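The next block holds one structure in the form of structure tokens; read it before the comments.
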Amino acid sequence: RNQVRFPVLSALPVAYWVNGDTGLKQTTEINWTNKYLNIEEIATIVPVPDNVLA
Amino acid sequence: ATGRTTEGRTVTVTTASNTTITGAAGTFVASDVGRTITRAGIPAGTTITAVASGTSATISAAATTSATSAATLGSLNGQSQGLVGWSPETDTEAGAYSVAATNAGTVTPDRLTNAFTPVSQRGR
């Protein structure tokens with residue numbers, strides 16, 4: 001068909017230290033997005049006189 | 001090395017002729033509220049009703065005289081603290097572990113602050 005979609009990764013998690021053995025922990029979330037391929041067309045046309053073909 | 005305890009202690013304290021008591025540095029601490037206090041110039045059954053600093057506190061009745069003297073602070077049954085014995089943590093450093101204190105960035109009494117110091121045991 002005229003177009004097709006690829007999903008792709010777009011951001012990454014990270015990690016942390018905490019302040020001593022009792023410090024408050026921290027948050028992260030991963031993400032994705034899209035990329036596309038799409039279609040186009042080539043043509044040519046060739047004329048000739050009917051007598052030449054005979 | 002001083003920590004917390006339920007058992008009583010003796011202290012030197014100054015009376016104003018009202019509900020106010022004062023004394024030297026470290027004579028009072030936050031856990032003392034609800035203890036009995038027995039001194040000359042103090043009416044019978046008097047208790048610590050509030051504490052305001054290491055040097056000052058409030059009592060349930062007016063002192064009858066203004067003077068400085070030795071005085072006795074009573075023991076208590078261990079309802080107003082979880083502990084019945086003694087613990088190495090004092091009242092202030094025992095407070096350090098809350099979420100609010102953790103946000104304020106206050107160091108615990110045992111956060112090893114330098115790369116080359118040893119960990120060490122406390123004693124009485």
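Chain identifiers are assigned as A, B, and so on, following the order in which chains appear in the structure tokens; residues are numbered from 1 within each chain, and ligands are numbered from 1 in order of appearance.
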
Chain A residues near chain B (12 Å cut-off, only C-alpha atoms) as a PyMOL selection string: chain A and resi 18-25

Dump of C-alpha atoms for the selected residues, as a compact mmCIF listing (two decimals), in the first residue's frame:
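To be explicit, this is the file written out as again.txt:
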```
# COMPACT_ATOMS: atom_id res chain seq x y z
CA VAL A 18 20.40 8.13 47.39
CA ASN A 19 21.51 10.22 50.38
CA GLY A 20 22.59 7.54 52.89
CA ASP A 21 20.81 4.20 53.46
CA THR A 22 17.40 5.88 54.16
CA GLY A 23 17.09 8.58 51.42
CA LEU A 24 14.02 8.94 49.15
CA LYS A 25 14.24 7.12 45.72
```

Distance query region 6-16 of chain A at most 12 Å, only C-alpha atoms, self and fewer than 5 positions along chain excluded, as a ChimeraX atom specification: /A:23-38

Write the selection just made, keeping N, CA, C and O atoms, as a CSV table (one decimal), in the first residue's frame?
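Wrote it out as selection-v1.csv, contents follow:
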```
chain,number,residue,atom,x,y,z
A,23,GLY,N,17.5,7.5,52.3
A,23,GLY,CA,17.1,8.6,51.4
A,23,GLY,C,15.9,8.2,50.5
A,23,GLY,O,15.8,7.0,50.2
A,24,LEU,N,15.2,9.2,50.0
A,24,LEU,CA,14.0,8.9,49.1
A,24,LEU,C,14.5,8.6,47.7
A,24,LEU,O,15.3,9.4,47.1
A,25,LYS,N,13.9,7.6,47.1
A,25,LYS,CA,14.2,7.1,45.7
A,25,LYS,C,13.5,8.0,44.6
A,25,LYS,O,12.7,8.8,44.9
A,26,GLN,N,13.9,7.7,43.3
A,26,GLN,CA,13.5,8.6,42.2
A,26,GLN,C,13.0,7.8,41.0
A,26,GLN,O,13.1,6.6,40.8
A,27,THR,N,12.3,8.6,40.1
A,27,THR,CA,11.4,8.0,39.0
A,27,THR,C,11.9,8.3,37.6
A,27,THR,O,12.5,9.3,37.3
A,28,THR,N,11.6,7.4,36.6
A,28,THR,CA,11.9,7.5,35.2
A,28,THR,C,10.9,6.7,34.3
A,28,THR,O,10.5,5.6,34.8
A,29,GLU,N,10.6,7.1,33.1
A,29,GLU,CA,9.7,6.4,32.2
A,29,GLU,C,10.3,6.4,30.7
A,29,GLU,O,10.9,7.4,30.3
A,30,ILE,N,10.2,5.3,30.0
A,30,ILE,CA,10.7,5.1,28.6
A,30,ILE,C,9.8,5.6,27.6
A,30,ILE,O,8.6,5.8,27.9
A,31,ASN,N,10.2,5.8,26.3
A,31,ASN,CA,9.3,6.3,25.2
A,31,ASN,C,9.6,5.8,23.8
A,31,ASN,O,10.8,5.7,23.4
A,32,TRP,N,8.6,5.8,23.0
A,32,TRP,CA,8.7,5.4,21.5
A,32,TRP,C,8.0,6.5,20.6
A,32,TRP,O,7.3,7.3,21.1
A,33,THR,N,8.3,6.4,19.3
A,33,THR,CA,7.7,7.2,18.3
A,33,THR,C,7.7,6.5,17.0
A,33,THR,O,8.0,5.3,16.9
A,34,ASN,N,7.3,7.1,15.8
A,34,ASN,CA,7.1,6.5,14.5
A,34,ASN,C,8.0,7.1,13.4
A,34,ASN,O,8.4,8.3,13.5
A,35,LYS,N,8.3,6.3,12.4
A,35,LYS,CA,9.0,6.7,11.2
A,35,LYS,C,8.3,6.0,10.0
A,35,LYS,O,7.7,4.9,10.1
A,36,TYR,N,8.3,6.6,8.8
A,36,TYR,CA,7.6,6.2,7.6
A,36,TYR,C,8.4,5.9,6.4
A,36,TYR,O,9.4,6.5,6.2
A,37,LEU,N,7.9,5.0,5.6
A,37,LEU,CA,8.3,4.8,4.2
A,37,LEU,C,7.0,5.0,3.3
A,37,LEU,O,5.9,4.5,3.6
A,38,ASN,N,7.2,5.6,2.1
A,38,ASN,CA,6.1,6.0,1.2
A,38,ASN,C,6.6,5.8,-0.2
A,38,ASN,O,7.7,5.8,-0.5
```

DSSP-assigned alpha helix (DSSP H) members of chain B, reported as a ChimeraX atom specification: /B:99-104

Once you have the residues from the selection above, write them out as a PDB file, in the first residue's frame, restricted to N, CA, C and O atoms.
```
ATOM      1  N   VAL B  99      10.738  11.755  56.662  1.00  0.00           N
ATOM      2  CA  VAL B  99      10.730  12.238  55.273  1.00  0.00           C
ATOM      3  C   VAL B  99      11.037  13.733  55.198  1.00  0.00           C
ATOM      4  O   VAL B  99      11.857  14.158  54.390  1.00  0.00           O
ATOM      5  N   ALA B 100      10.477  14.536  56.101  1.00  0.00           N
ATOM      6  CA  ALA B 100      10.724  15.973  56.135  1.00  0.00           C
ATOM      7  C   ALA B 100      12.190  16.298  56.459  1.00  0.00           C
ATOM      8  O   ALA B 100      12.816  17.095  55.764  1.00  0.00           O
ATOM      9  N   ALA B 101      12.783  15.630  57.450  1.00  0.00           N
ATOM     10  CA  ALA B 101      14.199  15.796  57.767  1.00  0.00           C
ATOM     11  C   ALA B 101      15.093  15.353  56.599  1.00  0.00           C
ATOM     12  O   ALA B 101      16.061  16.025  56.248  1.00  0.00           O
ATOM     13  N   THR B 102      14.713  14.267  55.928  1.00  0.00           N
ATOM     14  CA  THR B 102      15.408  13.765  54.740  1.00  0.00           C
ATOM     15  C   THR B 102      15.366  14.770  53.600  1.00  0.00           C
ATOM     16  O   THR B 102      16.380  14.993  52.949  1.00  0.00           O
ATOM     17  N   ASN B 103      14.238  15.444  53.388  1.00  0.00           N
ATOM     18  CA  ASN B 103      14.145  16.534  52.424  1.00  0.00           C
ATOM     19  C   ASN B 103      14.982  17.756  52.823  1.00  0.00           C
ATOM     20  O   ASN B 103      15.638  18.359  51.979  1.00  0.00           O
ATOM     21  N   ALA B 104      15.008  18.110  54.107  1.00  0.00           N
ATOM     22  CA  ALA B 104      15.863  19.177  54.618  1.00  0.00           C
ATOM     23  C   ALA B 104      17.369  18.851  54.531  1.00  0.00           C
ATOM     24  O   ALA B 104      18.202  19.739  54.701  1.00  0.00           O
TER      25      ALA B 104
END
```

Which of chain B fall in strand (DSSP E), as a VMD selection string: chain B and resid 4 to 5 9 to 15 20 to 23 37 to 38 48 to 53 56 to 59 68 to 73 86 to 87

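Proximity of B:5, B:92, B:27, B:55 to residue 78 (chain B), computed with only C-alpha atoms, is greatest for B:5.
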
Near-residue 18 (chain B) list (9 Å; only C-alpha atoms; drop same-chain fewer than 4 positions) as JSON, numbers by chain: {"B": [59, 61, 62, 63, 64, 65, 66]}

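The spacing separating CA of residue 70 (chain B) from CA of residue 84 (chain B) amounts to 25.8 Å.
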
If you count only C-alpha atoms, which residues fall within 12 Å of residue 31 (chain B), apart from same-chain ones fewer than 3 positions away, as an mmCIF file with N, CA and C atoms, in the first residue's frame?
```
data_model
loop_
_atom_site.group_PDB
_atom_site.id
_atom_site.type_symbol
_atom_site.label_atom_id
_atom_site.label_comp_id
_atom_site.auth_asym_id
_atom_site.auth_seq_id
_atom_site.Cartn_x
_atom_site.Cartn_y
_atom_site.Cartn_z
ATOM 1 N N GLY B 3 22.923 9.566 75.216
ATOM 2 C CA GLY B 3 21.726 8.859 74.755
ATOM 3 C C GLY B 3 20.401 9.316 75.387
ATOM 4 N N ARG B 4 19.420 8.410 75.446
ATOM 5 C CA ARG B 4 18.091 8.588 76.074
ATOM 6 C C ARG B 4 17.881 7.574 77.188
ATOM 7 N N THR B 5 17.110 7.924 78.213
ATOM 8 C CA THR B 5 16.726 7.007 79.297
ATOM 9 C C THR B 5 15.366 7.338 79.903
ATOM 10 N N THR B 6 14.687 6.323 80.426
ATOM 11 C CA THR B 6 13.478 6.485 81.238
ATOM 12 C C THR B 6 13.772 6.740 82.718
ATOM 13 N N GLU B 7 14.887 6.248 83.266
ATOM 14 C CA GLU B 7 15.210 6.432 84.685
ATOM 15 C C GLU B 7 15.429 7.919 85.025
ATOM 16 N N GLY B 8 15.181 8.297 86.280
ATOM 17 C CA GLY B 8 15.264 9.686 86.737
ATOM 18 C C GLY B 8 16.690 10.235 86.805
ATOM 19 N N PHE B 28 17.666 20.405 80.486
ATOM 20 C CA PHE B 28 16.373 19.882 80.026
ATOM 21 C C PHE B 28 16.449 19.328 78.605
ATOM 22 N N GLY B 34 5.995 15.564 81.215
ATOM 23 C CA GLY B 34 5.257 14.558 81.981
ATOM 24 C C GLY B 34 6.013 13.963 83.177
ATOM 25 N N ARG B 35 7.329 14.177 83.318
ATOM 26 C CA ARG B 35 8.056 13.815 84.549
ATOM 27 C C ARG B 35 7.609 14.666 85.743
ATOM 28 N N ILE B 48 6.669 18.618 84.935
ATOM 29 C CA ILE B 48 7.084 19.348 83.736
ATOM 30 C C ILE B 48 5.939 19.318 82.722
ATOM 31 N N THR B 49 5.368 20.467 82.374
ATOM 32 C CA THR B 49 4.245 20.573 81.424
ATOM 33 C C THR B 49 4.663 20.991 80.021
ATOM 34 N N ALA B 50 5.788 21.687 79.867
ATOM 35 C CA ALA B 50 6.401 21.964 78.570
ATOM 36 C C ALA B 50 7.903 22.216 78.726
ATOM 37 N N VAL B 51 8.668 22.047 77.652
ATOM 38 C CA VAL B 51 10.103 22.353 77.610
ATOM 39 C C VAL B 51 10.423 23.169 76.363
ATOM 40 N N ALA B 52 11.200 24.239 76.523
ATOM 41 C CA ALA B 52 11.377 25.263 75.491
ATOM 42 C C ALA B 52 12.813 25.350 74.947
ATOM 43 N N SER B 53 13.806 24.928 75.726
ATOM 44 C CA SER B 53 15.219 24.918 75.337
ATOM 45 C C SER B 53 16.003 23.983 76.252
ATOM 46 N N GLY B 54 17.262 23.703 75.922
ATOM 47 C CA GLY B 54 18.183 23.007 76.831
ATOM 48 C C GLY B 54 18.391 23.687 78.193
ATOM 49 N N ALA B 57 12.142 25.531 80.928
ATOM 50 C CA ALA B 57 10.967 24.671 80.979
ATOM 51 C C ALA B 57 9.818 25.282 81.797
ATOM 52 N N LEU B 73 14.286 14.945 89.117
ATOM 53 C CA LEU B 73 13.350 14.611 88.045
ATOM 54 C C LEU B 73 12.987 13.131 88.123
ATOM 55 N N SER B 75 11.468 9.264 87.314
ATOM 56 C CA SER B 75 11.372 8.266 86.244
ATOM 57 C C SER B 75 9.949 8.186 85.685
ATOM 58 N N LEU B 76 9.771 7.506 84.551
ATOM 59 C CA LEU B 76 8.461 7.298 83.929
ATOM 60 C C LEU B 76 8.342 5.939 83.227
ATOM 61 N N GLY B 78 7.525 4.415 80.432
ATOM 62 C CA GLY B 78 7.745 4.027 79.040
ATOM 63 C C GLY B 78 6.464 3.851 78.220
ATOM 64 N N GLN B 79 5.421 4.644 78.470
ATOM 65 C CA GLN B 79 4.340 4.853 77.495
ATOM 66 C C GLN B 79 4.646 6.005 76.532
ATOM 67 N N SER B 80 5.229 7.098 77.020
ATOM 68 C CA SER B 80 5.545 8.297 76.227
ATOM 69 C C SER B 80 6.861 8.211 75.441
ATOM 70 N N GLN B 81 7.575 7.094 75.538
ATOM 71 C CA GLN B 81 8.610 6.649 74.602
ATOM 72 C C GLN B 81 8.430 5.149 74.376
ATOM 73 N N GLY B 82 8.783 4.623 73.206
ATOM 74 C CA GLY B 82 8.688 3.173 72.971
ATOM 75 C C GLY B 82 9.668 2.363 73.833
ATOM 76 N N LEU B 83 10.854 2.920 74.047
ATOM 77 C CA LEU B 83 11.947 2.375 74.840
ATOM 78 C C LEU B 83 11.631 2.342 76.345
ATOM 79 N N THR B 90 20.350 10.214 71.339
ATOM 80 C CA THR B 90 19.718 11.353 72.027
ATOM 81 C C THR B 90 18.452 11.823 71.309
ATOM 82 N N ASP B 91 17.608 12.618 71.974
ATOM 83 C CA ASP B 91 16.307 13.039 71.427
ATOM 84 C C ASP B 91 16.413 13.740 70.067
ATOM 85 N N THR B 92 17.396 14.619 69.886
ATOM 86 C CA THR B 92 17.557 15.365 68.631
ATOM 87 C C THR B 92 17.994 14.457 67.490
ATOM 88 N N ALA B 94 17.747 11.215 67.299
ATOM 89 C CA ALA B 94 16.659 10.266 67.080
ATOM 90 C C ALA B 94 15.588 10.788 66.104
ATOM 91 N N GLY B 95 15.481 12.104 65.914
ATOM 92 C CA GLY B 95 14.520 12.716 64.995
ATOM 93 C C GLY B 95 14.931 12.714 63.520
#
```

Two-atom distance - CA of residue 13 (chain B), CA of residue 123 (chain B) (Å):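 So the answer is 28.2 Å.
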
Interatomic distance, CA of residue 121 (chain B) to CA of residue 10 (chain B) (Å, one decimal): 27.7 Å
